[PDB]
$ cat input.pdb   # PDB, C-alpha atoms
ATOM      1  CA  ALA D   1       6.098  27.025 -31.956  1.00  0.00           C
ATOM      2  CA  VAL D   2       8.907  26.042 -29.569  1.00  0.00           C
ATOM      3  CA  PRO D   3       7.758  22.882 -27.730  1.00  0.00           C
ATOM      4  CA  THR D   4       8.822  22.254 -24.128  1.00  0.00           C
ATOM      5  CA  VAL D   5       9.767  18.847 -22.745  1.00  0.00           C
ATOM      6  CA  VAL D   6       9.497  17.939 -19.075  1.00  0.00           C
ATOM      7  CA  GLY D   7      11.577  15.342 -17.297  1.00  0.00           C
ATOM      8  CA  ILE D   8      10.229  13.435 -14.314  1.00  0.00           C
ATOM      9  CA  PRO D   9      12.604  11.677 -11.914  1.00  0.00           C
ATOM     10  CA  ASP D  10      12.462   7.905 -11.565  1.00  0.00           C
ATOM     11  CA  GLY D  11      10.676   6.522  -8.548  1.00  0.00           C
ATOM     12  CA  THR D  12      11.185   3.681  -6.122  1.00  0.00           C
ATOM     13  CA  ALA D  13       8.726   1.383  -4.387  1.00  0.00           C
ATOM     14  CA  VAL D  14       8.638  -1.602  -2.028  1.00  0.00           C
ATOM     15  CA  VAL D  15       6.363  -4.628  -1.984  1.00  0.00           C
ATOM     16  CA  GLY D  16       3.576  -4.243   0.544  1.00  0.00           C
ATOM     17  CA  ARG D  17       4.184  -0.535   1.141  1.00  0.00           C
ATOM     18  CA  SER D  18       2.130   2.428  -0.012  1.00  0.00           C
ATOM     19  CA  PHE D  19       3.410   4.422  -2.989  1.00  0.00           C
ATOM     20  CA  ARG D  20       2.327   7.922  -3.918  1.00  0.00           C
ATOM     21  CA  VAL D  21       3.915  10.578  -6.087  1.00  0.00           C
ATOM     22  CA  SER D  22       2.911  13.949  -7.433  1.00  0.00           C
ATOM     23  CA  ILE D  23       2.967  14.336 -11.231  1.00  0.00           C
ATOM     24  CA  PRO D  24       3.773  17.879 -12.528  1.00  0.00           C
ATOM     25  CA  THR D  25       0.704  18.170 -14.784  1.00  0.00           C
ATOM     26  CA  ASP D  26       1.017  21.973 -14.853  1.00  0.00           C
ATOM     27  CA  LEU D  27       4.310  21.798 -16.754  1.00  0.00           C
ATOM     28  CA  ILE D  28       3.284  18.989 -19.074  1.00  0.00           C
ATOM     29  CA  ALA D  29      -0.050  20.571 -19.920  1.00  0.00           C
ATOM     30  CA  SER D  30      -1.697  23.921 -20.599  1.00  0.00           C
ATOM     31  CA  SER D  31      -5.242  25.304 -20.264  1.00  0.00           C
ATOM     32  CA  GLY D  32      -6.926  23.030 -22.812  1.00  0.00           C
ATOM     33  CA  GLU D  33      -4.765  19.898 -22.883  1.00  0.00           C
ATOM     34  CA  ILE D  34      -5.851  16.415 -21.790  1.00  0.00           C
ATOM     35  CA  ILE D  35      -3.510  14.433 -19.511  1.00  0.00           C
ATOM     36  CA  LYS D  36      -2.935  10.702 -19.958  1.00  0.00           C
ATOM     37  CA  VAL D  37      -1.120   8.525 -17.411  1.00  0.00           C
ATOM     38  CA  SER D  38      -0.357   4.861 -18.092  1.00  0.00           C
ATOM     39  CA  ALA D  39       2.274   2.196 -18.612  1.00  0.00           C
ATOM     40  CA  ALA D  40       4.492   3.123 -21.550  1.00  0.00           C
ATOM     41  CA  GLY D  41       3.063   1.684 -24.754  1.00  0.00           C
ATOM     42  CA  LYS D  42      -0.207   0.751 -23.042  1.00  0.00           C
ATOM     43  CA  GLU D  43      -3.700   2.151 -22.482  1.00  0.00           C
ATOM     44  CA  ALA D  44      -3.787   1.180 -18.813  1.00  0.00           C
ATOM     45  CA  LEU D  45      -1.533   1.659 -15.787  1.00  0.00           C
ATOM     46  CA  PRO D  46       0.226  -1.289 -14.157  1.00  0.00           C
ATOM     47  CA  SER D  47      -2.226  -3.347 -12.076  1.00  0.00           C
ATOM     48  CA  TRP D  48      -0.864  -1.833  -8.866  1.00  0.00           C
ATOM     49  CA  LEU D  49      -1.082   1.857  -9.747  1.00  0.00           C
ATOM     50  CA  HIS D  50      -3.884   4.416  -9.742  1.00  0.00           C
ATOM     51  CA  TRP D  51      -4.018   7.912 -11.219  1.00  0.00           C
ATOM     52  CA  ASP D  52      -5.992  10.745  -9.607  1.00  0.00           C
ATOM     53  CA  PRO D  53      -6.573  13.332 -12.398  1.00  0.00           C
ATOM     54  CA  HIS D  54      -7.709  16.129 -10.075  1.00  0.00           C
ATOM     55  CA  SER D  55      -5.096  15.825  -7.320  1.00  0.00           C
ATOM     56  CA  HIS D  56      -2.292  14.925  -9.733  1.00  0.00           C
ATOM     57  CA  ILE D  57      -1.391  11.890  -7.625  1.00  0.00           C
ATOM     58  CA  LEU D  58       0.005   8.597  -8.860  1.00  0.00           C
ATOM     59  CA  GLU D  59      -0.434   6.085  -6.038  1.00  0.00           C
ATOM     60  CA  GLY D  60      -0.543   2.355  -5.418  1.00  0.00           C
ATOM     61  CA  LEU D  61       0.369  -0.697  -3.336  1.00  0.00           C
ATOM     62  CA  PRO D  62       2.674  -3.281  -4.975  1.00  0.00           C
ATOM     63  CA  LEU D  63       2.342  -7.042  -4.539  1.00  0.00           C
ATOM     64  CA  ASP D  64       5.226  -9.524  -4.729  1.00  0.00           C
ATOM     65  CA  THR D  65       4.327 -10.083  -8.394  1.00  0.00           C
ATOM     66  CA  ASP D  66       4.782  -6.391  -9.250  1.00  0.00           C
ATOM     67  CA  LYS D  67       8.553  -6.664  -8.605  1.00  0.00           C
ATOM     68  CA  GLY D  68      10.559  -4.859 -11.247  1.00  0.00           C
ATOM     69  CA  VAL D  69      10.756  -1.672 -13.273  1.00  0.00           C
ATOM     70  CA  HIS D  70       7.621  -0.042 -14.622  1.00  0.00           C
ATOM     71  CA  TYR D  71       7.763   2.614 -17.331  1.00  0.00           C
ATOM     72  CA  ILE D  72       5.037   5.205 -16.843  1.00  0.00           C
ATOM     73  CA  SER D  73       4.160   7.580 -19.655  1.00  0.00           C
ATOM     74  CA  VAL D  74       2.550  10.920 -18.993  1.00  0.00           C
ATOM     75  CA  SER D  75       1.308  12.627 -22.136  1.00  0.00           C
ATOM     76  CA  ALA D  76      -0.580  15.815 -22.952  1.00  0.00           C
ATOM     77  CA  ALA D  77      -3.051  15.910 -25.834  1.00  0.00           C
ATOM     78  CA  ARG D  78      -5.235  18.582 -27.411  1.00  0.00           C
ATOM     79  CA  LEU D  79      -8.833  18.047 -28.474  1.00  0.00           C
ATOM     80  CA  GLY D  80      -9.577  18.601 -32.136  1.00  0.00           C
ATOM     81  CA  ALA D  81     -12.849  20.267 -33.146  1.00  0.00           C
ATOM     82  CA  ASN D  82     -13.624  16.682 -34.202  1.00  0.00           C
ATOM     83  CA  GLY D  83     -13.207  15.168 -30.733  1.00  0.00           C
ATOM     84  CA  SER D  84      -9.995  13.365 -31.649  1.00  0.00           C
ATOM     85  CA  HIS D  85      -7.152  13.531 -29.126  1.00  0.00           C
ATOM     86  CA  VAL D  86      -4.047  14.867 -30.881  1.00  0.00           C
ATOM     87  CA  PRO D  87      -0.727  13.745 -29.306  1.00  0.00           C
ATOM     88  CA  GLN D  88       1.155  16.827 -28.126  1.00  0.00           C
ATOM     89  CA  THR D  89       3.859  15.792 -25.625  1.00  0.00           C
ATOM     90  CA  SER D  90       4.969  12.773 -23.570  1.00  0.00           C
ATOM     91  CA  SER D  91       7.336  12.323 -20.619  1.00  0.00           C
ATOM     92  CA  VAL D  92       8.402   8.885 -19.496  1.00  0.00           C
ATOM     93  CA  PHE D  93       9.920   7.741 -16.217  1.00  0.00           C
ATOM     94  CA  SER D  94      10.114   4.450 -14.372  1.00  0.00           C
ATOM     95  CA  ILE D  95       9.327   3.083 -10.946  1.00  0.00           C
ATOM     96  CA  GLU D  96      11.367   0.227  -9.561  1.00  0.00           C
ATOM     97  CA  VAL D  97       9.525  -2.063  -7.202  1.00  0.00           C
ATOM     98  CA  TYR D  98      11.846  -3.712  -4.701  1.00  0.00           C
ATOM     99  CA  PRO D  99      11.168  -7.084  -2.995  1.00  0.00           C
ATOM    100  CA  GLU D 100       9.591  -7.107   0.457  1.00  0.00           C
ATOM    101  CA  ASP D 101      12.157  -4.812   2.057  1.00  0.00           C
ATOM    102  CA  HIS D 102      11.377  -1.591   3.939  1.00  0.00           C
ATOM    103  CA  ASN D 103      13.085   1.706   3.139  1.00  0.00           C
ATOM    104  CA  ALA D 104      15.652   1.515  12.883  1.00  0.00           C
ATOM    105  CA  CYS D 105      16.766  -1.295  15.199  1.00  0.00           C
ATOM    106  CA  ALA D 106      20.340  -2.311  15.961  1.00  0.00           C
ATOM    107  CA  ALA D 107      21.290  -5.022  13.473  1.00  0.00           C
ATOM    108  CA  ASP D 108      21.218  -8.007  15.841  1.00  0.00           C
ATOM    109  CA  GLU D 109      18.119  -6.503  17.486  1.00  0.00           C
ATOM    110  CA  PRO D 110      14.824  -8.064  16.226  1.00  0.00           C
ATOM    111  CA  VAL D 111      11.834  -5.874  15.395  1.00  0.00           C
ATOM    112  CA  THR D 112       8.630  -5.991  17.423  1.00  0.00           C
ATOM    113  CA  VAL D 113       5.890  -6.204  14.817  1.00  0.00           C
ATOM    114  CA  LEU D 114       2.146  -6.112  15.438  1.00  0.00           C
ATOM    115  CA  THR D 115       0.199  -8.044  12.767  1.00  0.00           C
ATOM    116  CA  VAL D 116      -3.514  -8.008  11.938  1.00  0.00           C
ATOM    117  CA  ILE D 117      -4.891 -10.985  10.013  1.00  0.00           C
ATOM    118  CA  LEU D 118      -7.699  -9.994   7.633  1.00  0.00           C
ATOM    119  CA  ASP D 119     -10.106 -12.140   5.602  1.00  0.00           C
ATOM    120  CA  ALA D 120      -9.270 -10.533   2.262  1.00  0.00           C
ATOM    121  CA  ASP D 121      -7.438 -11.045  -0.990  1.00  0.00           C
ATOM    122  CA  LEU D 122      -5.166  -8.261  -2.199  1.00  0.00           C
ATOM    123  CA  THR D 123      -5.149  -9.710  -5.723  1.00  0.00           C
ATOM    124  CA  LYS D 124      -8.906  -9.082  -5.892  1.00  0.00           C
ATOM    125  CA  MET D 125      -8.539  -5.486  -4.709  1.00  0.00           C
ATOM    126  CA  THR D 126      -7.880  -2.380  -6.801  1.00  0.00           C
ATOM    127  CA  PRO D 127      -4.807  -0.399  -5.659  1.00  0.00           C
ATOM    128  CA  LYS D 128      -7.125   2.308  -4.411  1.00  0.00           C
ATOM    129  CA  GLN D 129      -8.934  -0.258  -2.229  1.00  0.00           C
ATOM    130  CA  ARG D 130      -5.568  -1.381  -0.848  1.00  0.00           C
ATOM    131  CA  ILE D 131      -4.675   2.217  -0.051  1.00  0.00           C
ATOM    132  CA  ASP D 132      -8.056   2.898   1.587  1.00  0.00           C
ATOM    133  CA  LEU D 133      -7.703  -0.217   3.743  1.00  0.00           C
ATOM    134  CA  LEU D 134      -4.338   0.978   5.051  1.00  0.00           C
ATOM    135  CA  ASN D 135      -5.779   4.452   5.544  1.00  0.00           C
ATOM    136  CA  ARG D 136      -8.640   2.995   7.599  1.00  0.00           C
ATOM    137  CA  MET D 137      -6.198   1.182   9.902  1.00  0.00           C
ATOM    138  CA  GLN D 138      -4.593   4.418  11.136  1.00  0.00           C
ATOM    139  CA  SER D 139      -7.184   5.138  13.831  1.00  0.00           C
ATOM    140  CA  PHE D 140      -6.014   1.877  15.478  1.00  0.00           C
ATOM    141  CA  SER D 141      -2.324   1.577  14.688  1.00  0.00           C
ATOM    142  CA  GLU D 142      -1.590   5.256  15.228  1.00  0.00           C
ATOM    143  CA  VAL D 143       1.046   4.709  12.532  1.00  0.00           C
ATOM    144  CA  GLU D 144       1.110   6.782   9.332  1.00  0.00           C
ATOM    145  CA  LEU D 145      -0.147   5.134   6.167  1.00  0.00           C
ATOM    146  CA  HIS D 146       3.254   4.854   4.485  1.00  0.00           C
ATOM    147  CA  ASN D 147       4.628   3.122   7.587  1.00  0.00           C
ATOM    148  CA  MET D 148       2.340   0.076   7.530  1.00  0.00           C
ATOM    149  CA  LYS D 149       2.912  -3.127   5.558  1.00  0.00           C
ATOM    150  CA  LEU D 150       0.146  -4.993   3.753  1.00  0.00           C
ATOM    151  CA  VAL D 151       0.845  -8.305   2.048  1.00  0.00           C
ATOM    152  CA  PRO D 152      -1.081 -11.498   1.212  1.00  0.00           C
ATOM    153  CA  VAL D 153      -1.081 -14.630   3.369  1.00  0.00           C
ATOM    154  CA  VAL D 154       1.260 -17.378   2.172  1.00  0.00           C
ATOM    155  CA  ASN D 155       0.867 -21.151   2.331  1.00  0.00           C
ATOM    156  CA  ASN D 156      -2.332 -20.508   4.267  1.00  0.00           C
ATOM    157  CA  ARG D 157      -0.562 -19.572   7.518  1.00  0.00           C
ATOM    158  CA  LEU D 158      -3.084 -17.494   9.470  1.00  0.00           C
ATOM    159  CA  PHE D 159      -0.937 -17.204  12.601  1.00  0.00           C
ATOM    160  CA  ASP D 160       2.540 -16.857  14.064  1.00  0.00           C
ATOM    161  CA  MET D 161       3.356 -19.491  16.689  1.00  0.00           C
ATOM    162  CA  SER D 162       6.206 -17.273  17.883  1.00  0.00           C
ATOM    163  CA  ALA D 163       4.011 -14.381  18.986  1.00  0.00           C
ATOM    164  CA  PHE D 164       4.101 -13.642  22.715  1.00  0.00           C
ATOM    165  CA  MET D 165       0.844 -11.652  22.579  1.00  0.00           C
ATOM    166  CA  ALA D 166      -2.190 -12.268  20.393  1.00  0.00           C
ATOM    167  CA  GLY D 167      -5.944 -11.894  20.461  1.00  0.00           C
ATOM    168  CA  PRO D 168      -9.021 -12.811  18.406  1.00  0.00           C
ATOM    169  CA  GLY D 169     -11.001 -10.816  15.869  1.00  0.00           C
ATOM    170  CA  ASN D 170     -14.669 -10.960  14.882  1.00  0.00           C
ATOM    171  CA  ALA D 171     -14.511 -13.486  12.042  1.00  0.00           C
ATOM    172  CA  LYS D 172     -15.566 -17.114  12.519  1.00  0.00           C
ATOM    173  CA  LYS D 173     -14.899 -18.319   8.984  1.00  0.00           C
ATOM    174  CA  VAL D 174     -11.957 -17.269   6.818  1.00  0.00           C
ATOM    175  CA  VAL D 175     -13.271 -17.171   3.239  1.00  0.00           C
ATOM    176  CA  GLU D 176     -10.465 -15.501   1.274  1.00  0.00           C
ATOM    177  CA  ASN D 177      -6.750 -16.314   1.082  1.00  0.00           C
ATOM    178  CA  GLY D 178      -6.139 -13.728   3.793  1.00  0.00           C
ATOM    179  CA  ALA D 179      -4.081 -10.559   4.165  1.00  0.00           C
ATOM    180  CA  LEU D 180      -1.501  -9.393   6.679  1.00  0.00           C
ATOM    181  CA  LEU D 181      -1.531  -5.762   7.790  1.00  0.00           C
ATOM    182  CA  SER D 182       1.351  -5.054  10.153  1.00  0.00           C
ATOM    183  CA  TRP D 183       3.506  -2.294  11.589  1.00  0.00           C
ATOM    184  CA  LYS D 184       6.485  -1.755  13.896  1.00  0.00           C
ATOM    185  CA  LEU D 185       6.019  -1.179  17.610  1.00  0.00           C
ATOM    186  CA  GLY D 186       9.633  -1.101  18.748  1.00  0.00           C
ATOM    187  CA  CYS D 187      12.907  -3.010  19.000  1.00  0.00           C
ATOM    188  CA  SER D 188      13.308  -6.306  20.831  1.00  0.00           C
ATOM    189  CA  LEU D 189      10.270  -5.700  23.054  1.00  0.00           C
ATOM    190  CA  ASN D 190       8.581  -8.130  25.431  1.00  0.00           C
ATOM    191  CA  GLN D 191       5.155  -8.239  27.011  1.00  0.00           C
ATOM    192  CA  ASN D 192       6.161  -5.541  29.480  1.00  0.00           C
ATOM    193  CA  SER D 193       8.028  -3.213  27.100  1.00  0.00           C
ATOM    194  CA  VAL D 194       5.132  -3.213  24.591  1.00  0.00           C
ATOM    195  CA  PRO D 195       2.907  -0.108  24.536  1.00  0.00           C
ATOM    196  CA  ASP D 196      -0.832  -0.092  25.232  1.00  0.00           C
ATOM    197  CA  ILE D 197      -2.567  -2.122  22.520  1.00  0.00           C
ATOM    198  CA  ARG D 198      -6.097  -2.206  23.948  1.00  0.00           C
ATOM    199  CA  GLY D 199      -7.024   0.223  21.180  1.00  0.00           C
ATOM    200  CA  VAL D 200      -6.338  -2.608  18.762  1.00  0.00           C
ATOM    201  CA  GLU D 201      -7.371  -5.665  20.769  1.00  0.00           C
ATOM    202  CA  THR D 202     -10.776  -4.391  21.898  1.00  0.00           C
ATOM    203  CA  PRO D 203     -12.097  -3.126  18.519  1.00  0.00           C
ATOM    204  CA  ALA D 204     -10.763  -6.315  16.912  1.00  0.00           C
ATOM    205  CA  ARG D 205     -12.753  -8.704  19.097  1.00  0.00           C
ATOM    206  CA  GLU D 206     -15.907  -6.578  19.266  1.00  0.00           C
ATOM    207  CA  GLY D 207     -16.172  -6.033  15.524  1.00  0.00           C
ATOM    208  CA  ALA D 208     -15.588  -2.280  15.585  1.00  0.00           C
ATOM    209  CA  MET D 209     -12.273  -2.711  13.788  1.00  0.00           C
ATOM    210  CA  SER D 210     -13.653  -4.877  10.995  1.00  0.00           C
ATOM    211  CA  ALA D 211     -16.566  -2.437  10.674  1.00  0.00           C
ATOM    212  CA  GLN D 212     -14.117   0.416  10.015  1.00  0.00           C
ATOM    213  CA  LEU D 213     -11.665  -1.439   7.778  1.00  0.00           C
ATOM    214  CA  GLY D 214     -14.332  -3.020   5.581  1.00  0.00           C
ATOM    215  CA  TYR D 215     -13.067  -6.595   5.985  1.00  0.00           C
ATOM    216  CA  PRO D 216     -13.406  -9.319   8.606  1.00  0.00           C
ATOM    217  CA  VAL D 217     -10.609  -9.538  11.164  1.00  0.00           C
ATOM    218  CA  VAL D 218      -9.270 -12.988  11.958  1.00  0.00           C
ATOM    219  CA  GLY D 219      -7.003 -11.981  14.804  1.00  0.00           C
ATOM    220  CA  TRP D 220      -3.892 -10.045  15.757  1.00  0.00           C
ATOM    221  CA  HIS D 221      -0.524 -10.936  17.179  1.00  0.00           C
ATOM    222  CA  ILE D 222       2.719  -9.403  18.365  1.00  0.00           C
ATOM    223  CA  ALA D 223       6.059 -11.027  17.609  1.00  0.00           C
ATOM    224  CA  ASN D 224       9.760 -10.203  17.224  1.00  0.00           C
ATOM    225  CA  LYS D 225      11.247 -10.889  13.790  1.00  0.00           C
ATOM    226  CA  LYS D 226      14.822 -11.399  12.598  1.00  0.00           C
ATOM    227  CA  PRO D 227      16.324  -8.361  10.818  1.00  0.00           C
ATOM    228  CA  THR D 228      16.922  -8.433   7.053  1.00  0.00           C
TER     229      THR D 228
END

$ encode --input "input.pdb" --output "structure tokens"
Amino acid sequence: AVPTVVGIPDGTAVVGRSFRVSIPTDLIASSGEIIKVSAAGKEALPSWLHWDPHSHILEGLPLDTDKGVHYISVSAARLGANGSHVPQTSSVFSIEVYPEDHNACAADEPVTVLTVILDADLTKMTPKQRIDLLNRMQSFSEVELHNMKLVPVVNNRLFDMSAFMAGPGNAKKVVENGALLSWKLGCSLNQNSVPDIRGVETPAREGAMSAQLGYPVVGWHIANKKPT
């Protein structure tokens, strides 16, 4: 009757960036043991996380308000002939969510970012829905899921007056607060140095992009930002 304890390393996350980690369920559990993943001392996971029982994947997309350390408890329980879940083990680790940062361009060299304005509200979306949205943007951005940023609109600014390239989407009315899905194109680029973006601009205006993403597209723009 020698019980085994499993340690899980602490994780790190960044606001607006996808987060996904594999949980070693095989070590924590055995043939007939039920796995439970949630915030330590709670029945549910933090609002930004999602647990996939069959793939053993803890994933999510943190908002500015999820900044901080989150203690996640993974426990294994056995079913009693009575149907009652008997606590057997429990490993606990944390995930620190850093402020909108991004874990490159020469310091003084601004980043060329392509942004897509969407008529959506991240606070009204489950983490899974936030992940799926990013996933659906790959066909157009040609940038891996973990390399795209997705954050809410602030102070109702649905545009960047400093963009040197921009185009319209399919939406005529913006109903939700709005969301910004962006990604890096290069360093200190201009209209000529920028790659071919027709694959973004065309679908956006025609409605093919919104049809794939599942949300209306307000427009897109390309601008150079100051490093941080």

$ closest_residue --input "input.pdb" --among "D:105, D:133, D:63, D:2" --to "residue 15 of chain D" --atoms "only C-alpha atoms"
D:63

$ atom_distance --input "input.pdb" --atom1 "atom CA of residue 154 of chain D" --atom2 "atom CA of residue 134 of chain D"
19.4 Å

$ closest_residue --input "input.pdb" --among "D:204, D:175, D:73, D:7" --to "residue 35 of chain D" --atoms "all atoms listed in the file"
D:73

$ resolve_selection --input "input.pdb" --expression "the PyMOL selection byres ((chain D and resi 79-90) around 9)" --output "list in words"
residues 3, 4, 5, 6, 28, 29, 32, 33, 34, 36, 73, 74, 75, 76, 77, 78, 91 and 92 of chain D

$ write_last_selection --input "input.pdb" --atoms "C-alpha atoms" --output "short mmCIF file (atom, residue, chain, number, x, y, z; two decimals), in the frame of the given file"
data_model
loop_
_atom_site.label_atom_id
_atom_site.label_comp_id
_atom_site.auth_asym_id
_atom_site.auth_seq_id
_atom_site.Cartn_x
_atom_site.Cartn_y
_atom_site.Cartn_z
CA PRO D 3 7.76 22.88 -27.73
CA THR D 4 8.82 22.25 -24.13
CA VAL D 5 9.77 18.85 -22.74
CA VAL D 6 9.50 17.94 -19.08
CA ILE D 28 3.28 18.99 -19.07
CA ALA D 29 -0.05 20.57 -19.92
CA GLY D 32 -6.93 23.03 -22.81
CA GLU D 33 -4.76 19.90 -22.88
CA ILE D 34 -5.85 16.42 -21.79
CA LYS D 36 -2.94 10.70 -19.96
CA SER D 73 4.16 7.58 -19.66
CA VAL D 74 2.55 10.92 -18.99
CA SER D 75 1.31 12.63 -22.14
CA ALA D 76 -0.58 15.82 -22.95
CA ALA D 77 -3.05 15.91 -25.83
CA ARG D 78 -5.24 18.58 -27.41
CA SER D 91 7.34 12.32 -20.62
CA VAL D 92 8.40 8.88 -19.50
#

$ resolve_selection --input "input.pdb" --expression "the PyMOL selection byres ((chain D and resi 38-48) around 6)" --output "VMD selection string"
chain D and resid 37 49 60 to 62 71 to 73 127

$ resolve_selection --input "input.pdb" --expression "the PyMOL selection byres ((chain D and resi 97) around 7)" --output "list in words"
residues 12, 13, 14, 15, 66, 67, 68, 69, 95, 96, 98 and 99 of chain D

$ atom_distance --input "input.pdb" --atom1 "atom CA of residue 179 of chain D" --atom2 "atom CA of residue 53 of chain D"
29.2 Å

$ residues_around --input "input.pdb" --residues "residue 203 of chain D" --least-positions-apart "4" --cutoff "12 Å" --atoms "all atoms listed in the file" --output "PyMOL selection string"
chain D and resi 116+137+139-141+167-170+197-199+207-213+216-217+219-220

$ atom_distance --input "input.pdb" --atom1 "atom CA of residue 122 of chain D" --atom2 "atom CA of residue 147 of chain D"
17.9 Å

$ closest_residue --input "input.pdb" --among "D:118, D:8, D:150, D:107" --to "residue 94 of chain D" --atoms "all atoms listed in the file"
D:8

$ closest_residue --input "input.pdb" --among "D:117, D:202, D:11, D:161" --to "residue 70 of chain D" --atoms "only C-alpha atoms"
D:11

$ closest_residue --input "input.pdb" --among "D:102, D:157, D:224, D:59" --to "residue 126 of chain D" --atoms "all atoms listed in the file"
D:59

$ closest_residue --input "input.pdb" --among "D:131, D:23, D:194, D:223" --to "residue 114 of chain D" --atoms "only C-alpha atoms"
D:223

$ residues_near_point --input "input.pdb" --point "(8.1, -8.6, 26.8)" --cutoff "10 Å" --atoms "all atoms listed in the file" --output "VMD selection string"
chain D and resid 112 164 to 165 188 to 194 223 to 224

$ write_last_selection --input "input.pdb" --atoms "C-alpha atoms" --output "short mmCIF file (atom, residue, chain, number, x, y, z; two decimals), in the coordinates of the input"
data_model
loop_
_atom_site.label_atom_id
_atom_site.label_comp_id
_atom_site.auth_asym_id
_atom_site.auth_seq_id
_atom_site.Cartn_x
_atom_site.Cartn_y
_atom_site.Cartn_z
CA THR D 112 8.63 -5.99 17.42
CA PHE D 164 4.10 -13.64 22.72
CA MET D 165 0.84 -11.65 22.58
CA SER D 188 13.31 -6.31 20.83
CA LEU D 189 10.27 -5.70 23.05
CA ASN D 190 8.58 -8.13 25.43
CA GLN D 191 5.16 -8.24 27.01
CA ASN D 192 6.16 -5.54 29.48
CA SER D 193 8.03 -3.21 27.10
CA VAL D 194 5.13 -3.21 24.59
CA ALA D 223 6.06 -11.03 17.61
CA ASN D 224 9.76 -10.20 17.22
#

$ axis_aligned_box --input "input.pdb" --around "segment 118-135 of chain D" --padding-each-side "6 Å" --output "JSON"
{"center_x": -7.2, "center_y": -3.8, "center_z": 0.4, "size_x": 17.8, "size_y": 28.6, "size_z": 26.4}
